[PDB]
Visitor: 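Mind having a look at this structure? Questions to follow.
Below, each value reflects all heavy atoms present in this structure, side chains not excepted, and no hydrogens, waters or symmetry copies. Here is the naming used below: chain letters follow the sequence lines, and residue numbers restart at 1 for every chain.
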Amino acid sequence: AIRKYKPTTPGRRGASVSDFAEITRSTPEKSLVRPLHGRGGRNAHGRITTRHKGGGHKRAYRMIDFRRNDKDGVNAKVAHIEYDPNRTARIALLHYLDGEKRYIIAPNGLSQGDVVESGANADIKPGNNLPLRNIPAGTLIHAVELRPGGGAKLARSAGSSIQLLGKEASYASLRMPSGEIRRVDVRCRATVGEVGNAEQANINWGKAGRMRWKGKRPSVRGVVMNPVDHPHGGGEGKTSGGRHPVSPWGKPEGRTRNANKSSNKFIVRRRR
RNA sequence: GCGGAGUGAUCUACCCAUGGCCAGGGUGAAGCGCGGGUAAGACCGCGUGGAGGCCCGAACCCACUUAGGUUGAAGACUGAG
RNA sequence: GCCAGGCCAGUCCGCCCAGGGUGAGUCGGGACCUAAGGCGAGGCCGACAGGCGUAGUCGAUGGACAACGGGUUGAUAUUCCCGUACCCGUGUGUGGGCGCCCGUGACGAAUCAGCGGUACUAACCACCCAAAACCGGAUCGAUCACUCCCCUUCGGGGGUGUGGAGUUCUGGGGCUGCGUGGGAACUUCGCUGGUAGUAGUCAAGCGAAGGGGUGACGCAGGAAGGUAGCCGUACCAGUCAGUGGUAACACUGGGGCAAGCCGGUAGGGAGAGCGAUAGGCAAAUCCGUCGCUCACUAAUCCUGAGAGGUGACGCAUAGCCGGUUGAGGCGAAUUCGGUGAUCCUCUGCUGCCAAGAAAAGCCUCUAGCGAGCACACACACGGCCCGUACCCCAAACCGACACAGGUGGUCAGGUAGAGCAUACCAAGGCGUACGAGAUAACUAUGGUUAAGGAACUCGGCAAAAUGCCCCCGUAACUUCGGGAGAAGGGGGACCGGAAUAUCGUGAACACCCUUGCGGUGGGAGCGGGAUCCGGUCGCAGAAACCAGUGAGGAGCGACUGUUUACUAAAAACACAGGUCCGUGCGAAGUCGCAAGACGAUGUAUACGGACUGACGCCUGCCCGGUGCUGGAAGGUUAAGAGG
RNA sequence: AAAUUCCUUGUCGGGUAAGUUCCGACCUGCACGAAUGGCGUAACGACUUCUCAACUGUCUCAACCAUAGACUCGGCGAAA
RNA sequence: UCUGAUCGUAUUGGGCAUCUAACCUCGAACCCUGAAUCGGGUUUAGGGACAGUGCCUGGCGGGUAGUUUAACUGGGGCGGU
RNA sequence: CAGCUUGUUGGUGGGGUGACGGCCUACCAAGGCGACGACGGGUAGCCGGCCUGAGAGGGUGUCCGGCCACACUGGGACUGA
RNA sequence: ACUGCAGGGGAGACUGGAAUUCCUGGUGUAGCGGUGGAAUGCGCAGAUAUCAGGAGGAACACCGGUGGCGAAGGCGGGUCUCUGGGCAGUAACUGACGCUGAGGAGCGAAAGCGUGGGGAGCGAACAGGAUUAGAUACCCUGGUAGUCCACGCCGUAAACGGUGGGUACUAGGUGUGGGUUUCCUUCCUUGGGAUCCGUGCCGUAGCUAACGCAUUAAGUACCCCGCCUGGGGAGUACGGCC
RNA sequence: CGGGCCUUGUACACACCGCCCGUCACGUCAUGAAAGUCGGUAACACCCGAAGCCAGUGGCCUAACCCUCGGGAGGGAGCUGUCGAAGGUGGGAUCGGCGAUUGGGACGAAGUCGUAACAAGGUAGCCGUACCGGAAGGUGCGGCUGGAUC
RNA sequence: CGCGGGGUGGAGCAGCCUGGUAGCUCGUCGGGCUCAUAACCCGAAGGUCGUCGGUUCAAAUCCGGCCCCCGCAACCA
RNA sequence: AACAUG
Ligand SMILES: [Mg+2]
Ligand SMILES: [Mg+2]
Ligand SMILES: [Mg+2]
Ligand SMILES: [Mg+2]
Ligand SMILES: [Mg+2]
Ligand SMILES: [Mg+2]
Ligand SMILES: [Mg+2]
Ligand SMILES: [Mg+2]
Ligand SMILES: [Mg+2]
Ligand SMILES: [Mg+2]
Ligand SMILES: [Mg+2]
Ligand SMILES: [Mg+2]
Ligand SMILES: [Mg+2]
Ligand SMILES: [Mg+2]
Ligand SMILES: [Mg+2]
Ligand SMILES: [Mg+2]
Ligand SMILES: [Mg+2]
Ligand SMILES: [Mg+2]
Ligand SMILES: [Mg+2]
Ligand SMILES: [Mg+2]
Ligand SMILES: [Mg+2]
Ligand SMILES: [Mg+2]
Ligand SMILES: [Mg+2]
Ligand SMILES: [Mg+2]
Ligand SMILES: [Mg+2]
Ligand SMILES: [Mg+2]
Ligand SMILES: [Mg+2]
Ligand SMILES: [Mg+2]
Ligand SMILES: [Mg+2]
Ligand SMILES: [Mg+2]
Ligand SMILES: [Mg+2]
Ligand SMILES: [Mg+2]
Ligand SMILES: [Mg+2]
Ligand SMILES: [Mg+2]
Ligand SMILES: [Mg+2]
Ligand SMILES: [Mg+2]
Ligand SMILES: [Mg+2]
Ligand SMILES: [Mg+2]
Ligand SMILES: [Mg+2]
Ligand SMILES: [Mg+2]
Ligand SMILES: [Mg+2]
Ligand SMILES: [Mg+2]
Ligand SMILES: [Mg+2]
Ligand SMILES: [Mg+2]
Ligand SMILES: [Mg+2]
Ligand SMILES: [Mg+2]
Ligand SMILES: [Mg+2]
Ligand SMILES: [Mg+2]
Ligand SMILES: [Mg+2]
Ligand SMILES: [Mg+2]
Ligand SMILES: [Mg+2]
Ligand SMILES: [Mg+2]
Ligand SMILES: [Mg+2]
Ligand SMILES: [Mg+2]
Ligand SMILES: [Mg+2]
Ligand SMILES: [Mg+2]
Ligand SMILES: [Mg+2]
Ligand SMILES: [Mg+2]
Ligand SMILES: [Mg+2]
Ligand SMILES: [Mg+2]
Ligand SMILES: [Mg+2]
Ligand SMILES: [Mg+2]
Ligand SMILES: [Mg+2]
Ligand SMILES: [Mg+2]
Ligand SMILES: [Mg+2]
Ligand SMILES: [Mg+2]
Ligand SMILES: [Mg+2]
Ligand SMILES: [Mg+2]
Ligand SMILES: [Mg+2]
Ligand SMILES: [Mg+2]
Ligand SMILES: [Mg+2]
Ligand SMILES: [Mg+2]
Ligand SMILES: [Mg+2]
Ligand SMILES: [Mg+2]
Ligand SMILES: [Mg+2]
Ligand SMILES: [Mg+2]
Ligand SMILES: [Mg+2]
Ligand SMILES: [Mg+2]
Ligand SMILES: [Mg+2]
Ligand SMILES: [Mg+2]
Ligand SMILES: [Mg+2]
Ligand SMILES: [Mg+2]
Ligand SMILES: [Mg+2]
Ligand SMILES: [Mg+2]
Ligand SMILES: [Mg+2]
Ligand SMILES: [Mg+2]
Ligand SMILES: [Mg+2]
Ligand SMILES: [Mg+2]
Ligand SMILES: [Mg+2]
Ligand SMILES: [Mg+2]
Ligand SMILES: [Mg+2]
Ligand SMILES: [Mg+2]
Ligand SMILES: [Mg+2]
Ligand SMILES: [Mg+2]
Ligand SMILES: [Mg+2]
Ligand SMILES: [Mg+2]
Ligand SMILES: [Mg+2]
Ligand SMILES: [Mg+2]
Ligand SMILES: [Mg+2]
Ligand SMILES: [Mg+2]
Ligand SMILES: [Mg+2]
Ligand SMILES: [Mg+2]
Ligand SMILES: [Mg+2]
Ligand SMILES: [Mg+2]
Ligand SMILES: [Mg+2]
Ligand SMILES: [Mg+2]
Ligand SMILES: [Mg+2]
Ligand SMILES: [Mg+2]
Ligand SMILES: [Mg+2]
Ligand SMILES: [Mg+2]
Ligand SMILES: [Mg+2]
Ligand SMILES: [Mg+2]
Ligand SMILES: [Mg+2]
Ligand SMILES: [Mg+2]
Ligand SMILES: [Mg+2]
Ligand SMILES: [Mg+2]
Ligand SMILES: [Mg+2]
Ligand SMILES: [Mg+2]
Ligand SMILES: [Mg+2]
Ligand SMILES: [Mg+2]
Ligand SMILES: [Mg+2]
Ligand SMILES: [Mg+2]
Ligand SMILES: [Mg+2]
Ligand SMILES: [Mg+2]
Ligand SMILES: [Mg+2]
Ligand SMILES: [Mg+2]
Ligand SMILES: [Mg+2]
């Protein structure tokens with residue numbers, strides 16, 4: 001579902017786009033929309049804390065239900081599959097039988113009109129949300145919460161999933177999408193399946209301005225700066241940087257995780 | 001030139017929110033039709049459509065060449081491109 | 001007014017002096033609303049100073065919200081005046097209505113009373129578990145008692161039958177207890193006469209706390225329908241411009257008028273009832289969801305440019321008289337076409353991905369309030385605050401100057417033209433502040449040049465050249481799009497004929513009709529576009545102005561793009577694509593002493609760093625040096641302990 | 001023999017009447033080299049470089065014309 | 001009384017495991033609260049003597065700061081002294 | 001050598017020739033040819049015959065006889081049966 | 001067409017056990033590994049061995065053969081779902097509807113290519129060790145692409161039976177795969193006979209230069225297609241197509 | 001180490017002291033590529049166009065016929081146009097020659113360096129394909145017997 | 001020209017600031033092995049330590065002079 | 001292990 005353009009212009013030579021074949025109803029649901037504004041990388045002090053940000057198209061926030069705690073047994077119906085500019089997945093509008101509208105991340109294979117269950121008595125179908133205690137092992141899940149009642153945090157980009165390895169007593173072993181083996185509580189909730197829109201990694205954005213539309217502002221290498229600007233700056237022709245490679249703030253490469261962070265008791269294995 | 005305490009982003013650099021502007025001419029992407037061709041197709045020829053950091057060109061934004069200016073009309077500009 | 005100032009003079013002036021002059025329910029703002037951002041009660045944080053921030057409160061460049069045409073002054077006018085509207089509020093009448101107090105209109109249970117569900121499960125029964133002990137076949141080894149038999153150093157085995165304490169398979173009790181499972185009282189509910197058509201609820205209006213709907217949003221591209229504007233013309237009022245012609249349609253002027261209201265056209269838009277309702281912080285008749293029935297093909301309803309009506313028995317106007325040529329008075333005709341927007345229908349329609357503010361306001365629901373309300377006509381009233389003069393592509397603003405510079409938006413007519421380019425002109429403005437002369441060199445800005453044609457020079461620098469429209473025709477290479485307007489050619493004016501339906505645009509008179517802002521033919525008048533043949537003219541028909549030079553070979557960077565404001569626009573930077581490294585979530589990273597923030601309302605197909613820079617084919621060897629990652633056997637080593 | 005080659009105008013071929021620049025090779029790489037990427041590449045460039053047609057006051061070699069100055073008169077009137 | 005082993009008593013210290021009450025939580029709910037994604041309180045779910053922080057102590061540290069880097073010399077540099 | 005063809009393929013009315021005919025012209029139709037080799041390229045005057053061969057074939061076109069083409073190269077008409 | 005029958009024919013989804021490797025924990029102590037002989041290497045920081053748990057990938061012991069199926073390439077763990085062909089009998093139906101097929105089209109082992117996954121073991125390249133005059137090899141220790149999957153491209157093989165398809169005929173003997181039918185049918189014996197379709201071995205006539213083929217022809221014949229014309233140069237250059 | 005017999009493989013037969021492969025160096029012959037350069041041939045488009053035919057025009061010239069004796073009729077020259085050879089300009093097509101430098105090919109004698117094939121050729125060999133290497137060749141993956149000698 | 005390395009048997013390298021011995025590898029020579037040659041095996045030989053001239057009882061070694069070879073420098077207008 | 005050549 002990746003349409004390739006034809007090379008009519010130099011900016012559309014290798015370019016490609018989504019086919020958008022999964023989407024019904026091009027407009028969002030008006031009560032579930034909150035406004036956003038840009039920042040350009042600036043914090044509350046007004047200074048750039050994240051470089052290469054700004055420009056970008058105007059956006060509105062779609063309220064996603066990352067909790068799904070309060071409808072255990074009330075079934076829902078997938079009404080539409082909509083575009084969300086705020087993320088790489090598509091979103092599914094749910095019509096619960098009691099009368100409430102919600103958005104969730106659309107799993108792989110949750111076409112329009114499907115019924116979605118929730119709670120400890122749900123079926124293992126793509127889109128149902130259960131506690132991890134009720135999911136069997138080996139099941140591909142997504143949108144998993146770290147603490148109980150805290151909201152979905154893990155594996156929720158497009159195409160990503162967690163494999164549930166095993167449950168021993170009070171803890172489930174998860175394989176996160178990086179190869180990380182993490183141990184979390186079994187009262188944590190997770191949605192069955194795999195996040196859809198899995199072909200968007202193959203999109204070739206064709207031109208510089210197409211990434212300026214998405215909010216990515218240009219990026220100057222440190223080796224073509226001056227030594228007052230970067231530790232790699234300097235030289236009379238072009239260099240490699242006359243030192244082992246560092247950040248713009250002089251920090252070397254290497255492990256930046258806190259070596260005695262509190263969650264080391266929960267990590268079985270680091271990523272590969 | 002060194003320090004202490006302050007003042008400045010009405011210029012300029014970038015970002016944020018909300019507005020406005022872009023004469024005219026050309027080329028003719030996707031798609032959708034219709035005809036063909038096939039067991040079905042790919043594919044093929046017409047239409048239609050109006051894409052694009054597309055083309056030509058004013059306003060507008062620039063500043064490549066050149067001449068003039070150089071106790072200037074102007075502490076950075078004019079003319080022709 | 002004229003002694004300063006204005007690049008000269010000045011009787012003039014943006015200069016000097018005195019007086020005067022700026023009128024709003026509707027225009028632009030506040031008294032209405034929020035965005036980015038600001039401030040910020042309490043608060044959290046920080047030795048102090050202070051940092052951030054919640055409620056809240058400000059903040060238009062945006063949202064909502066009521067006015068048009070004419071006349072008037074020396075100076076203001078959507079503000080004054082005249083005509084005609086619209087919006088919010090207030091009082092007083094008059095008029096019926098709708099309610100409270102009254103009735104009424106439906107709805108409407110709470111006393112008590114007979115069994116099932118078959119609760120309760122005592123119990124009996126289904127099931128089978130070591131199916132509490134136990135009898136008993138049987139299991140097994142180096143225990144062990146009596147007795148028959150053999151050897152010896154006199155301590156113990158083999159042939160092991162019977163049997164004690166028993167491992168084992170189970171013949172077998174298998175009652176119970178241990179279980180679930182149908183399964184009585186106690187106790188409790190579904191119904192039925194019944195306290196019962198009984199108390200009670202609701203039945204004017206207002207609700208703005210709150211709920212819900214709406215408000216409410218991108219970009220590109222039209223098409224169809226109109227309209228303004230413009231150009232002609234019926235008709236109207238005038239002209240004779242001392243020249244060869246021209247006495248009237250030959251020429252010149254006119255051929256006007258808004259908001260509002262009426263109207264509902266073209267075009268757009270929507271199925272409607274009734275019931276239930278885990279949701280909307282309380283409630284809901286509203287919203288959401290679900291269900292049935294009918295409607296569906298339609299009709300109806302809302303919407304909606306324009307036409308037409310009215311506003312207009314008014315106002316204006318060409319012109320004619322009158323004129324201290326300042327005032328004044330009178331005042332014609334106004335029809336039908338063409339062409340046509342950047343405006344309107346249209347916040348509509350189609351397509352696209354990059355997925356496109358909030359809040360008031362408005363409508364609706366209920367909580368709540370509530371005995372008097374709602375409404376029509378008439379008359380009489382209130383409608384506050386600030387801005388308004390003037391200049392505003394400039395001599396009044398920013399550049400020290402009346403400075404060739406800079407300054408956002410709206411209006412934008414004619415002939416030619418594709419055009420808001422260009423040339424000439426209208427309406428309207430201006431000749432802008434030193435002049436007058438004079439054929440010196442020389443300098444600047446334009447123009448032309450015989451023969452030659454890059455011989456010039458670091459270099460074709462500059463100049464010249466090409467240039468439009470329609471029709472032919474077009475190479476290597478290529479990523480199949482391009483290259484390409486490649487290259488290289490031909491035609492082009494005027495007059496007449498084809499030519500009255502030649503052709504194509506719109507479509508009047510009258511025929512015809514389901515009676516209307518209708519349809520069908522019908523074809524006048526008005527403009528548009530080429531083509532063919534014939535003729536005529538010049539040196540030249542793209543006519544002036546305007547208006548691509550082309551082709552070939554290398555390097556570098558793929559490309560469009562950015563950059564040293566003021567000597568460097570590039571081969572530098574950026575880029576899409578690549579790879580490595582970090583990061584498991586108030587993540588890493590950054591800003592802060594911290595709190596807090598950003599990253600991101602994101603979650604490894606994500607985010608940050610580094611290097612390489614579309615694409616094609618590729619990217620070899622070295623881990624000794626130095627970093628990075630992991631390890632911890634050995635050596636050495638801090639404070640503390642020990643003393 | 002390179003945006004890299006000092007020696008150096010290396011040598012050979014092409015282009016010119018004549019070519020220290022240009023294109024094609026050679027390898028003797030002072031001092032090339034694979035993501036400070038290696039070698040190619042259609043399209044594109046106010047980029048650098050060499051050649052051709054056309055075209056001309058760039059030149060052989062200048063000559064004339066008009067305007068703004070310079071120049072005379074009157075007025076005002078500085079500067080380093 | 002010695003080296004080696006073992007054991008008792010008393011004292012001191014390190015591992016290892018569990019606990020909950022310090023402390024911790026941007027996990028959840030309720031109240032202050034009329035309007036509150038702030039804050040505080042209350043209860044619950046977790047974590048837990050770990051972490052964080054004070055004092056002391058070792059490492060690393062062009063990230064930042066202040067500085068030094070000689071003279072002679074047929075100019076200085078380079079060489080030599 | 002795989003797409004050739006616009007008087008090209010057919011019709012009508014005229015013209016033309018000794019004669020039929022796109023032979024020419026105007027108009028109308030949209031055909032015609034091709035893998036049974038179109039359109040290109042290479043070579044060649046064709047034949048009665050001659051040479052060879054058992055024949056079938058293969059090679060050849062010289063004398064003589066037939067027909068064709070040309071007359072320095074290219075183009076054109078005149079006269080005349 | 002009907003009635004039966006045999007089959008690793010194909011595609012999709014799910015799924016099973018053994019072994020290899022790795023990870024975690026226990027026990028354990030100094031070697032393991034490898035070869036003709038060694039060395040590199042691994043280990044003493046607790047390897048190899050051994051037991052329990054876990055993750056992951058690839059191939060499917062026995063059945064299994066000389067056998068089956070498919071046009072060829074090819075095809076064997078299980079189950080389910082979708083699907084193609086063949087054989088035999090009946091003779092119900094159609095009435096020569098056939099055979100071959102230049103061009104063309106489709107399929108087509110392995111290696112390789114593109115994008116995206118996955119990666120146990122194996123293993124080009126590469127690196128070290130050995131051997132040797134050398135050793136860019138064979139042997140040993142490691143080890144990247146690749147081998148796997150999804151979707152496309154490639155279109156070649158000693159793609160072979162070195163044997164193009166169709167048809168008819170021309171002694172038998174002898175195994176084996178699938179049917180059908182006959183006498184004592186149970187003479188249990190699943191035996192012999194007949195017949196149809198395969199797949200092997202022997203063997204007559206005939207053919208062949210010989211080896212050999214021989215009812216599955218390389219025999220006797222007819223129809224159609226592909227190909228050959230001494231060896232090199234060369235399946236190369238040039239042109240075109242992909 | 002040498003011999004004898006039977007059997008098996010062979011690319012050996014003056015017979016393994018056999019046969020034989022590919023780089024490298026030297027010589028000759030023919031051939032491919034190449035910046036560029038020199039030719040030939042047949043067309044195409046446009047510009048210009050002689051002769052001549054045809055179509056017009058014909059103010060000037062003209063014996064035959066007609067006449068009203070003026071002339072008329074008909075003709076000719078000249079001129080205009082369509083077509084038109086040769087020439088000019090342009091962009092392609094196509095067939096040859098030369099070309100610094102470079103790719104292989106064949107053959108030369110007593111050259112240099114290995115030993116890949118033929119025997120189990122000393123690691124069975126060949127085929128397709130990939131990567132690598134002075135060179136024959138090596139290794140992987142699949143395949144064939146045209147090998148497997150116990 | 002400066003600076004600092006180097007010259008050792010036929011070739012390529014040690015030995016030198018550690019003054020008293022000149023070494024390894026290939027090669028050359030003689031003998032094996034083989035039908036013959038390579039490879040292999042045994043046994044030998046071969047050097048003024050670039051030249052000269054000092055120091056020392058004594059020099060490859062230490063110190064000067066030359067003659068060669070190699071590397072790095074030779075910059076600012 | 002081992003082994004080239006004429
Ligand atoms: Mg601030
Ligand atoms: Mg970034
Ligand atoms: Mg720089
Ligand atoms: Mg620094
Ligand atoms: Mg640099
Ligand atoms: Mg450099
Ligand atoms: Mg200061
Ligand atoms: Mg400030
Ligand atoms: Mg600013
Ligand atoms: Mg500011
Ligand atoms: Mg356009
Ligand atoms: Mg199309
Ligand atoms: Mg553009
Ligand atoms: Mg404009
Ligand atoms: Mg200048
Ligand atoms: Mg300009
Ligand atoms: Mg004065
Ligand atoms: Mg004055
Ligand atoms: Mg305070
Ligand atoms: Mg604050
Ligand atoms: Mg605020
Ligand atoms: Mg306000
Ligand atoms: Mg505003
Ligand atoms: Mg005024
Ligand atoms: Mg009024
Ligand atoms: Mg919105
Ligand atoms: Mg007159
Ligand atoms: Mg509703
Ligand atoms: Mg009207
Ligand atoms: Mg229109
Ligand atoms: Mg839309
Ligand atoms: Mg005014
Ligand atoms: Mg000023
Ligand atoms: Mg000015
Ligand atoms: Mg501007
Ligand atoms: Mg105009
Ligand atoms: Mg203009
Ligand atoms: Mg002026
Ligand atoms: Mg003059
Ligand atoms: Mg001239
Ligand atoms: Mg001339
Ligand atoms: Mg010329
Ligand atoms: Mg020239
Ligand atoms: Mg010159
Ligand atoms: Mg010169
Ligand atoms: Mg120029
Ligand atoms: Mg010019
Ligand atoms: Mg080009
Ligand atoms: Mg052109
Ligand atoms: Mg004409
Ligand atoms: Mg003329
Ligand atoms: Mg560039
Ligand atoms: Mg451009
Ligand atoms: Mg700039
Ligand atoms: Mg500059
Ligand atoms: Mg510049
Ligand atoms: Mg952080
Ligand atoms: Mg990563
Ligand atoms: Mg890096
Ligand atoms: Mg770069
Ligand atoms: Mg990048
Ligand atoms: Mg190491
Ligand atoms: Mg370390
Ligand atoms: Mg040279
Ligand atoms: Mg060059
Ligand atoms: Mg060159
Ligand atoms: Mg180097
Ligand atoms: Mg590398
Ligand atoms: Mg590199
Ligand atoms: Mg590069
Ligand atoms: Mg550019
Ligand atoms: Mg000169
Ligand atoms: Mg004077
Ligand atoms: Mg450091
Ligand atoms: Mg420093
Ligand atoms: Mg100091
Ligand atoms: Mg000094
Ligand atoms: Mg000196
Ligand atoms: Mg014709
Ligand atoms: Mg005729
Ligand atoms: Mg005819
Ligand atoms: Mg001939
Ligand atoms: Mg014969
Ligand atoms: Mg003859
Ligand atoms: Mg003759
Ligand atoms: Mg002759
Ligand atoms: Mg004749
Ligand atoms: Mg099967
Ligand atoms: Mg296993
Ligand atoms: Mg593993
Ligand atoms: Mg083990
Ligand atoms: Mg299977
Ligand atoms: Mg019949
Ligand atoms: Mg066939
Ligand atoms: Mg074929
Ligand atoms: Mg295929
Ligand atoms: Mg494969
Ligand atoms: Mg692959
Ligand atoms: Mg891959
Ligand atoms: Mg090796
Ligand atoms: Mg190996
Ligand atoms: Mg590859
Ligand atoms: Mg598959
Ligand atoms: Mg095969
Ligand atoms: Mg074959
Ligand atoms: Mg046959
Ligand atoms: Mg058979
Ligand atoms: Mg046989
Ligand atoms: Mg034969
Ligand atoms: Mg041959
Ligand atoms: Mg080939
Ligand atoms: Mg070829
Ligand atoms: Mg014998
Ligand atoms: Mg033999
Ligand atoms: Mg031999
Ligand atoms: Mg040779
Ligand atoms: Mg050639
Ligand atoms: Mg003529
Ligand atoms: Mg040559
Ligand atoms: Mg061999
Ligand atoms: Mg071999
Ligand atoms: Mg060997
Ligand atoms: Mg071999
Ligand atoms: Mg190898
Ligand atoms: Mg191979
Ligand atoms: Mg093999
Ligand atoms: Mg010897």
Side-chain angles (χ1 to χ4, degrees), chain A residues 3 5-15 17-18 20 26-28 30 34-51 53-61 64 69 71 73-74 77 83-88 95-101 146-150 152-160 165-166 176-178 180 182 185 187 195 197-202 204-214 218-224 231-232 237-241 244-257 260 262-263 267 269 271:
Chain A
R3 180 264 190 100
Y5 299 122
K6 280 187 178 293
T8 60
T9 57
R12 286 159 76 91
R13 174 61 62 96
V17 71
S18 294
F20 299 116
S26 178
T27 60
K30 183 176 181 290
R34 297 294 186 270
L36 292 173
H37 65 90
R39 307 297 178 99
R42 277 77 171 167
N43 68 350
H45 292 172
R47 292 191 183 181
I48 294 171
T49 60
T50 303
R51 302 184 295 131
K53 292 289 184 72
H57 204 278
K58 190 175 182 182
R59 286 177 178 173
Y61 181 73
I64 307 299
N69 284 316
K71 296 294 174 67
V74 176
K77 186 179 291 293
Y83 183 82
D84 195 352
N86 297 312
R87 65 194 70 252
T88 54
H95 286 182
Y96 285 93
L97 296 172
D98 58 359
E100 187 172 0
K101 269 69 180 296
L146 287 173
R147 304 190 76 186
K153 291 180 180 291
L154 304 177
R156 73 190 207 183
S157 290
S160 66
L165 292 176
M176 277 200 284
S178 61
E180 183 86 20
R182 194 190 169 90
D185 194 0
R187 295 174 293 170
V195 178
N197 199 5
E199 65 271 14
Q200 61 90 33
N202 298 319
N204 185 355
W205 314 98
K207 63 180 184 175
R210 193 177 179 190
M211 292 304 296
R212 297 295 303 272
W213 295 343
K214 295 170 70 67
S219 177
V220 172
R221 288 170 286 107
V223 76
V224 294
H232 291 169
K238 61 178 72 171
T239 61
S240 298
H244 300 88
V246 293
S247 73
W249 298 272
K251 307 295 286 295
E253 292 188 355
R255 304 285 177 86
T256 55
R257 188 180 198 269
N260 56 6
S262 177
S263 66
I267 290 169
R269 190 180 294 276
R271 64 178 167 89

Visitor: So if I define the base as every atom that isn't primed, P, OP1 or OP2, how would nucleotides 41-58 of chain E read as a B/S/- string at a heavy-atom cutoff under 4.0 Å?
Guide: ----SSSS----------
Visitor: Any side-chain N or O of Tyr83(A) less than 4.0 Å from the OP1 or OP2 oxygen of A355(C)?
Guide: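 It does, given that an N or O in the side chain of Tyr83(A) lies less than 4.0 Å from OP1 or OP2 of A355(C).
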Visitor: Under 3.5 Å, is there a donor-acceptor pair linking the side chains of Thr88(A) and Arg156(A)?
Guide: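 No, no side-chain donor-acceptor pair sits under 3.5 Å.
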Visitor: Closest nucleotide of RNA chain C for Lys71(A) versus for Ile48(A): which of these residues is on the 5' side?
Guide: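 In this pair, the answer is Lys71(A).
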Visitor: Quick one: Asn43(A) CG to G599(C) P, roughly how many Å, whole number?
Guide: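 Rounding to the nearest Å, CG of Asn43(A) and P of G599(C) are 9 Å apart.
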Visitor: Are OP1 or OP2 of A357(C) and a side-chain N or O of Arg34(A) less than 4.0 angstrom apart?
Guide: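 Negative; the distance criterion is not met.
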Visitor: Let me have RNA chain B in dot-bracket notation, would you? Count Watson-Crick plus G-U wobble pairs, both distances under 3.5 Å, and use [ ] for pairs crossing earlier ones and | for inter-strand partners.
Guide: .......................((((...((((.(......).))))...).))).......((((..........))))
Visitor: Looking only at non-hydrogen atoms, find the nearest pair between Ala155(A) and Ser160(A) and report the distance.
Guide: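 For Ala155(A) versus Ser160(A), the nearest heavy atoms are C-OG, 3.3 Å.
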Visitor: State whether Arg12(A) places a side-chain N or O below 4.0 Å from either non-bridging phosphate oxygen (OP1 or OP2) of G52(B).
Guide: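 So the side-chain polar atoms of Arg12(A) never come under 4.0 Å of the phosphate oxygens OP1 or OP2 of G52(B).
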Visitor: Within less than 4.0 Å of OP1 or OP2 of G613(C), is there a side-chain N or O belonging to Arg221(A)?
Guide: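 It does not, given that no N or O in the side chain of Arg221(A) lies less than 4.0 Å from OP1 or OP2 of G613(C).
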Visitor: Counting any heavy atom closer than 4.0 Å, what does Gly241(A) reach on the DNA or RNA strands: base, sugar-phosphate only, or nothing?
Guide: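 Since no nucleic acid heavy atom lies under 4.0 Å of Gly241(A), the category is nothing.
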Visitor: OP1 or OP2 of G586(C) less than 4.0 angstrom from a side-chain nitrogen or oxygen of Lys153(A), does that happen here?
Guide: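 Yes, such a contact exists.
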Visitor: Only pairs with both distances under 3.5 Å count, Watson-Crick or wobble alike; so what is the partner of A266(C) in this structure?
Guide: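 Pairing partner: none.
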Visitor: Using atom NZ of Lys58(A) as one end and atom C1' of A36(C) as the other, report the distance to the nearest whole Å.
Guide: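 Computing the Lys58(A):NZ to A36(C):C1' distance gives 11 Å.
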Visitor: Quick one: is the NZ or CZ of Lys101(A) closer than 6.0 Å to the six-membered ring centre of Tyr96(A), and within 45° of its axis?
Guide: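 Because its charged atom misses either the 6.0 Å distance or the 45° angle limit, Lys101(A) does not stack over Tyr96(A).
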Visitor: With sugar-phosphate meaning primed atoms plus P, OP1 and OP2, does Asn197(A) contact a base, only sugar-phosphate, or nothing at under 4.0 Å between heavy atoms?
Guide: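 The residue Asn197(A) makes no contact with any strand.
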Visitor: Tell me whether the OP1 or OP2 atom of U629(C) has a side-chain N or O from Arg255(A) closer than 4.0 Å.
Guide: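 Indeed not, no polar side-chain atom of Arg255(A) lies that close.
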Visitor: Distance check, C1' atoms only: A295(C) and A371(C), in whole angstrom units.
Guide: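 Between the two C1' atoms, the distance is 47 Å.
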